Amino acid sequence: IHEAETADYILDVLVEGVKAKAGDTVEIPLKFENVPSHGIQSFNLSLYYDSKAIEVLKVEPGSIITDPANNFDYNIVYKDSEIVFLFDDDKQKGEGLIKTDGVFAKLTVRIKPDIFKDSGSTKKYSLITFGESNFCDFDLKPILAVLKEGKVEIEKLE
């Protein structure tokens, strides 16, 4: 559950929709908008996907992530079809806070070619949802995240 909370700061987290064909490998960008200018120190965010339609092959930090080698991690919980992100400005001196809107991560996924098996549709949608989401500033004050789910629109091949 993403907990309903009250705080002094807020941003928006968006899954940017993609239209693809069954069998495609595509990138799904995930964005932050309205990032507080005083900056994010750390965040921990989960997404879920439908493993019947989607295979996650790679997760990469986005351009707004500072010193990703040290500040950015992810883990795919395959059993739960969950992608978990953790960011922290590792050196703790307020110099690598996230203060800019843009892409925070890109997923590279394969759309399973057999998704239309036993189906009479030519178009399907697959939802990318959220779990827990926690963000804070340098002073450990919470920053709320308004989460907006996303969809992959999938066209049958041929």
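Note that residue numbering follows the sequence shown and begins at 1.
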query	finding
Per the entry, higher mean C-alpha B factor between 97 to 105 and 112 to 120	112 to 120
Stretch with the greater mean C-alpha B-factor as recorded in the entry, comparing 71 to 79 against 84 to 92	71 to 79
Candidate residues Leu30, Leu127, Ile65, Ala53, the one whose C-alpha B factor the record puts highest	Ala53
Out of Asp8, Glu153, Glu158, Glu5, highest CA B-factor residue	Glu158
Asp24 by Cα B-factor - lowest, middle or highest third of the modelled chain	middle
Entry-reported Cα temperature factor of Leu147, expressed as the chain third it lands in	middle
B-factor third for the C-alpha atom of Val35 within its chain	lowest
Within-chain third of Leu47 by Cα B-factor, per the entry	lowest
